[PDB]
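Visitor: final_23.pdb (PDB, C-alpha atoms and all ligand atoms) pasted underneath:
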ATOM      1  CA  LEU W   7     -32.124 -17.330  11.895
ATOM      2  CA  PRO W   8     -31.508 -17.622  15.638
ATOM      3  CA  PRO W   9     -31.478 -14.168  17.321
ATOM      4  CA  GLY W  10     -28.215 -12.114  16.998
ATOM      5  CA  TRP W  11     -27.374 -13.556  13.626
ATOM      6  CA  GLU W  12     -27.722 -11.396  10.556
ATOM      7  CA  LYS W  13     -27.712 -12.905   7.084
ATOM      8  CA  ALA W  14     -25.365 -10.888   4.851
ATOM      9  CA  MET W  15     -23.803 -11.308   1.404
ATOM     10  CA  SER W  16     -20.060 -11.579   0.829
ATOM     11  CA  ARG W  17     -18.547  -8.374  -0.616
ATOM     12  CA  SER W  18     -15.612  -9.920  -2.517
ATOM     13  CA  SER W  19     -17.250 -13.229  -3.528
ATOM     14  CA  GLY W  20     -21.036 -13.264  -3.511
ATOM     15  CA  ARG W  21     -21.284 -16.226  -1.111
ATOM     16  CA  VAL W  22     -24.171 -15.259   1.278
ATOM     17  CA  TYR W  23     -22.978 -15.747   4.898
ATOM     18  CA  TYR W  24     -23.981 -15.005   8.508
ATOM     19  CA  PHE W  25     -22.803 -12.397  11.099
ATOM     20  CA  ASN W  26     -23.385 -12.226  14.838
ATOM     21  CA  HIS W  27     -23.295  -8.624  16.106
ATOM     22  CA  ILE W  28     -22.701  -9.882  19.619
ATOM     23  CA  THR W  29     -19.809 -12.279  19.238
ATOM     24  CA  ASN W  30     -18.682 -10.609  15.963
ATOM     25  CA  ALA W  31     -18.467 -14.133  14.572
ATOM     26  CA  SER W  32     -18.657 -14.728  10.773
ATOM     27  CA  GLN W  33     -19.486 -18.164   9.404
ATOM     28  CA  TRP W  34     -20.775 -19.584   6.113
ATOM     29  CA  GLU W  35     -23.318 -22.270   7.245
ATOM     30  CA  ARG W  36     -26.669 -21.295   8.727
ATOM     31  CA  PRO W  37     -26.710 -21.150  12.554
ATOM     32  CA  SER W  38     -28.681 -24.056  14.237
ATOM     33  CA  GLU W  51     -29.257 -19.948  27.824
ATOM     34  CA  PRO W  52     -27.189 -21.468  30.782
ATOM     35  CA  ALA W  53     -26.265 -20.024  34.214
ATOM     36  CA  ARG W  54     -22.505 -20.614  33.661
ATOM     37  CA  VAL W  55     -20.175 -20.824  30.670
ATOM     38  CA  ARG W  56     -16.458 -21.512  30.290
ATOM     39  CA  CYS W  57     -14.197 -19.612  27.877
ATOM     40  CA  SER W  58     -10.643 -18.906  27.192
ATOM     41  CA  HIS W  59      -9.552 -15.779  25.368
ATOM     42  CA  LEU W  60      -6.543 -14.184  23.754
ATOM     43  CA  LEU W  61      -6.182 -10.574  24.631
ATOM     44  CA  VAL W  62      -4.220  -8.133  22.622
ATOM     45  CA  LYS W  63      -3.893  -4.805  24.439
ATOM     46  CA  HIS W  64      -3.291  -1.331  22.966
ATOM     47  CA  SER W  65      -2.237   2.170  24.032
ATOM     48  CA  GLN W  66      -5.723   3.241  25.000
ATOM     49  CA  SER W  67      -6.159  -0.037  26.999
ATOM     50  CA  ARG W  68      -7.368   0.443  30.576
ATOM     51  CA  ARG W  69      -4.113  -1.089  31.777
ATOM     52  CA  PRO W  70      -1.582  -0.622  28.820
ATOM     53  CA  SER W  71       0.744  -3.219  30.216
ATOM     54  CA  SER W  72       1.093  -7.018  30.488
ATOM     55  CA  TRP W  73       3.441  -9.880  31.160
ATOM     56  CA  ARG W  74       4.456  -9.696  27.465
ATOM     57  CA  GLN W  75       5.448  -6.050  27.439
ATOM     58  CA  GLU W  76       6.032  -3.408  30.059
ATOM     59  CA  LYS W  77       4.400  -0.453  28.309
ATOM     60  CA  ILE W  78       2.020  -1.272  25.507
ATOM     61  CA  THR W  79       2.231   1.233  22.684
ATOM     62  CA  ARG W  80       0.503  -0.396  19.686
ATOM     63  CA  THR W  81      -2.602   1.493  18.540
ATOM     64  CA  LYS W  82      -6.089   0.018  18.643
ATOM     65  CA  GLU W  83      -5.849  -0.408  14.848
ATOM     66  CA  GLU W  84      -2.624  -2.446  15.206
ATOM     67  CA  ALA W  85      -4.207  -4.468  18.028
ATOM     68  CA  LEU W  86      -6.927  -5.279  15.501
ATOM     69  CA  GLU W  87      -4.505  -6.390  12.753
ATOM     70  CA  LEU W  88      -2.768  -8.621  15.263
ATOM     71  CA  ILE W  89      -6.118 -10.190  16.294
ATOM     72  CA  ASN W  90      -7.255 -10.652  12.703
ATOM     73  CA  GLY W  91      -4.002 -12.550  11.967
ATOM     74  CA  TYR W  92      -4.540 -14.714  15.005
ATOM     75  CA  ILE W  93      -8.184 -15.263  13.961
ATOM     76  CA  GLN W  94      -7.191 -16.348  10.498
ATOM     77  CA  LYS W  95      -4.390 -18.678  11.462
ATOM     78  CA  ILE W  96      -6.706 -20.384  13.994
ATOM     79  CA  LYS W  97      -9.585 -20.659  11.522
ATOM     80  CA  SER W  98      -7.396 -22.161   8.806
ATOM     81  CA  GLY W  99      -5.924 -24.613  11.325
ATOM     82  CA  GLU W 100      -2.400 -23.276  10.935
ATOM     83  CA  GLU W 101      -2.176 -22.583  14.697
ATOM     84  CA  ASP W 102      -4.500 -23.394  17.529
ATOM     85  CA  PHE W 103      -6.205 -21.110  19.990
ATOM     86  CA  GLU W 104      -4.402 -22.338  23.029
ATOM     87  CA  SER W 105      -1.017 -22.159  21.361
ATOM     88  CA  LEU W 106      -1.451 -18.535  20.213
ATOM     89  CA  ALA W 107      -3.131 -17.560  23.469
ATOM     90  CA  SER W 108      -0.112 -19.000  25.311
ATOM     91  CA  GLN W 109       2.465 -16.991  23.287
ATOM     92  CA  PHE W 110       0.581 -13.915  22.493
ATOM     93  CA  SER W 111      -2.245 -13.084  24.912
ATOM     94  CA  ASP W 112      -1.665  -9.964  27.162
ATOM     95  CA  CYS W 113      -3.892 -11.409  29.902
ATOM     96  CA  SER W 114      -2.287 -13.116  32.901
ATOM     97  CA  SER W 115      -4.421 -16.092  31.954
ATOM     98  CA  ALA W 116      -2.016 -16.720  28.968
ATOM     99  CA  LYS W 117      -0.181 -19.285  31.027
ATOM    100  CA  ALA W 118      -3.421 -21.277  31.378
ATOM    101  CA  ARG W 119      -3.927 -21.316  27.588
ATOM    102  CA  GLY W 120      -6.273 -18.458  27.909
ATOM    103  CA  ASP W 121      -8.763 -20.419  30.064
ATOM    104  CA  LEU W 122     -10.750 -18.533  32.752
ATOM    105  CA  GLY W 123     -12.989 -21.207  34.118
ATOM    106  CA  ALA W 124     -16.737 -20.977  34.354
ATOM    107  CA  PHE W 125     -18.470 -17.702  35.151
ATOM    108  CA  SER W 126     -22.108 -16.541  35.058
ATOM    109  CA  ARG W 127     -23.548 -13.197  34.129
ATOM    110  CA  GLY W 128     -22.605 -10.266  36.283
ATOM    111  CA  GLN W 129     -18.911 -11.103  36.596
ATOM    112  CA  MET W 130     -17.224  -9.806  33.468
ATOM    113  CA  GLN W 131     -17.054  -6.676  31.387
ATOM    114  CA  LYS W 132     -20.458  -6.753  29.617
ATOM    115  CA  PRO W 133     -19.219  -6.933  26.029
ATOM    116  CA  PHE W 134     -16.967  -9.934  26.961
ATOM    117  CA  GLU W 135     -19.949 -11.406  28.853
ATOM    118  CA  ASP W 136     -22.575 -10.845  26.098
ATOM    119  CA  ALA W 137     -20.162 -12.203  23.518
ATOM    120  CA  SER W 138     -19.291 -15.081  25.925
ATOM    121  CA  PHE W 139     -23.056 -16.093  26.346
ATOM    122  CA  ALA W 140     -23.935 -15.764  22.672
ATOM    123  CA  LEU W 141     -21.335 -18.318  21.508
ATOM    124  CA  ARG W 142     -22.343 -21.968  21.347
ATOM    125  CA  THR W 143     -19.955 -24.462  23.035
ATOM    126  CA  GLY W 144     -16.828 -24.678  20.859
ATOM    127  CA  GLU W 145     -17.253 -21.451  18.899
ATOM    128  CA  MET W 146     -14.711 -18.679  18.765
ATOM    129  CA  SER W 147     -15.960 -15.060  18.705
ATOM    130  CA  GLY W 148     -14.618 -12.357  16.244
ATOM    131  CA  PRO W 149     -12.800  -9.350  17.678
ATOM    132  CA  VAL W 150     -14.566  -8.234  20.870
ATOM    133  CA  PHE W 151     -13.653  -4.862  22.393
ATOM    134  CA  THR W 152     -13.659  -3.975  26.062
ATOM    135  CA  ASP W 153     -11.759  -1.502  28.200
ATOM    136  CA  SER W 154      -8.892  -4.048  28.510
ATOM    137  CA  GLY W 155      -8.145  -4.432  24.769
ATOM    138  CA  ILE W 156      -9.504  -6.753  22.051
ATOM    139  CA  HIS W 157     -10.347 -10.350  22.683
ATOM    140  CA  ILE W 158     -10.797 -13.663  20.919
ATOM    141  CA  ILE W 159     -13.176 -15.720  23.031
ATOM    142  CA  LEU W 160     -13.592 -19.477  22.637
ATOM    143  CA  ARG W 161     -16.397 -20.835  24.790
ATOM    144  CA  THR W 162     -15.374 -24.243  26.001
ATOM    145  CA  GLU W 163     -18.341 -25.289  28.147
TER     146      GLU W 163
HETATM  147  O1  LIG W 201      -4.143  -7.284  32.646
HETATM  148  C1  LIG W 201      -4.807  -8.326  32.605
HETATM  149  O2  LIG W 201      -4.301  -9.392  32.968
HETATM  150  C2  LIG W 201      -6.290  -8.320  32.252
HETATM  151  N1  LIG W 201      -6.995  -9.406  31.963
HETATM  152  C3  LIG W 201      -8.262  -8.986  31.733
HETATM  153  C4  LIG W 201      -9.391  -9.743  31.478
HETATM  154  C5  LIG W 201     -10.478  -9.209  30.811
HETATM  155  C6  LIG W 201     -11.600 -10.016  30.662
HETATM  156  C7  LIG W 201     -11.646 -11.324  31.170
HETATM  157  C8  LIG W 201     -10.567 -11.844  31.861
HETATM  158  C9  LIG W 201      -9.449 -11.030  32.032
HETATM  159  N2  LIG W 201      -8.361  -7.684  31.905
HETATM  160  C10 LIG W 201      -7.154  -7.231  32.210
HETATM  161  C11 LIG W 201      -6.925  -5.717  32.454
HETATM  162  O3  LIG W 201      -6.155  -5.048  31.752
HETATM  163  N3  LIG W 201      -7.666  -5.130  33.426
HETATM  164  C12 LIG W 201      -8.681  -5.895  34.225
HETATM  165  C13 LIG W 201     -10.095  -5.386  33.847
HETATM  166  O4  LIG W 201      -9.968  -4.314  32.822
HETATM  167  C14 LIG W 201      -9.078  -3.181  33.246
HETATM  168  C15 LIG W 201      -7.653  -3.668  33.634
END
So that I can check it, write out the structure of this file as C-alpha cells.
Ligand SMILES: O=C(O)c1[nH]c(-c2ccccc2)nc1C(=O)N1CCOCC1

Guide:
Amino acid sequence: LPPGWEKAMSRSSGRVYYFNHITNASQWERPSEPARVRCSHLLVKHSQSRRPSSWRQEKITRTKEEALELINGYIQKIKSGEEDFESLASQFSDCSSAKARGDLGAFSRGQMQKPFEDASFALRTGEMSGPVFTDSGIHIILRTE
C-alpha cells in the first residue's frame, strides 16, 4: 500500500477495501509529491463554522452533524454519477468559489488550512476526497491538476 492508505474490510458486505486517513477517501481497488496542485471543493458550513455565513444563507444554523449528512449525500450522488462535482459545488457550496464551480486554482503548501492542504496533496489528480474538516466547515476536494 502507498503511505496514508489503510486496508480495511467492509462492515456490511465483507468486500475488503482501502481508506486514506488524510483525504478520508474510500475506494475498492488497490491504490497505485509536486510543488503545486489544483483543486476545487464544495464547502458546507455549520453553526460552529469560523464564519457561519455564506452567499447561500445569511446565518448558517445547521449543526456539524447535519453538515456531514449534506456532504455524504453530495458525495454519494457524485460517486454514482447522478450529479457532478461542479454542478453540486455551483448550487450548494458555501464558499465564494461556488460561482467558479468550486475551483481555486493552483496553490502550494503553506497557503491553506493544513487539513485542506494535507488532504489536497494526498489526492492523485482526478480524485475526490471524503469529508475533510477545517475551521470553515466540511469540504469535498477534487484535485484537478
Ligand atoms: O466564506 C468563505 O467563502 C470561505 N471559503 C473558505 C475556503 C476554505 C478553504 C479553501 C478555500 C476557501 N473559507 C471560508 C471561510 O469561512 N473563512 C476563510 C478561512 O476560514 C475562516 C473563514

Visitor: What residues have any atom no more than 12 Å from ligand LIG 201 (chain W) when counting all atoms listed in the file, and can you list them as a PyMOL selection string?

Guide: chain W and resi 56-78+111-118+120-125+129-138+150-160

Visitor: Please compute the atom CA of residue 88 of chain W-atom CA of residue 103 of chain W distance, one decimal, in Å.

Guide: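 Pair atom CA of residue 88 of chain W / atom CA of residue 103 of chain W returns 13.8 Å.
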
Visitor: Point out the residue among W:54, W:97, W:119, W:36 with the least atom-to-atom distance to residue 148 of chain W, counting all atoms listed in the file.

Guide: W:97

Visitor: What is the atom CA of residue 127 of chain W-atom CA of residue 28 of chain W distance in Å, reported with one decimal?

Guide: 14.9 Å

Visitor: Taking all atoms listed in the file into account, name the residue in W:15, W:7, W:140, W:31 that is nearest to residue 90 of chain W.

Guide: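 Answer, going by the shortest atom-to-atom distance: W:31.
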
Visitor: Need to verify the contact set: residue 142 of chain W, 9 Å, all atoms listed in the file, exclusion of same-chain residues closer than 6 positions in sequence. Can you return it as a PDB file with C-alpha atoms, in the coordinates of the input?

Guide:
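As written to disk, part-v3.pdb reads:
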ATOM      1  CA  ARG W 161     -16.397 -20.835  24.790  1.00  0.00           C
ATOM      2  CA  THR W 162     -15.374 -24.243  26.001  1.00  0.00           C
ATOM      3  CA  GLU W 163     -18.341 -25.289  28.147  1.00  0.00           C
TER       4      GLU W 163
END

Visitor: Excluding residue 33 of chain W and its own-chain neighbours fewer than 6 positions away, which residues fall within 8 Å of it when counting all atoms listed in the file? Please give them as an mmCIF file with C-alpha atoms, in the frame of the given file.

Guide:
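The result, stored in result15.cif:
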data_model
loop_
_atom_site.group_PDB
_atom_site.id
_atom_site.type_symbol
_atom_site.label_atom_id
_atom_site.label_comp_id
_atom_site.auth_asym_id
_atom_site.auth_seq_id
_atom_site.Cartn_x
_atom_site.Cartn_y
_atom_site.Cartn_z
ATOM 1 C CA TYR W 23 -22.978 -15.747 4.898
ATOM 2 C CA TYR W 24 -23.981 -15.005 8.508
ATOM 3 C CA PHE W 25 -22.803 -12.397 11.099
#
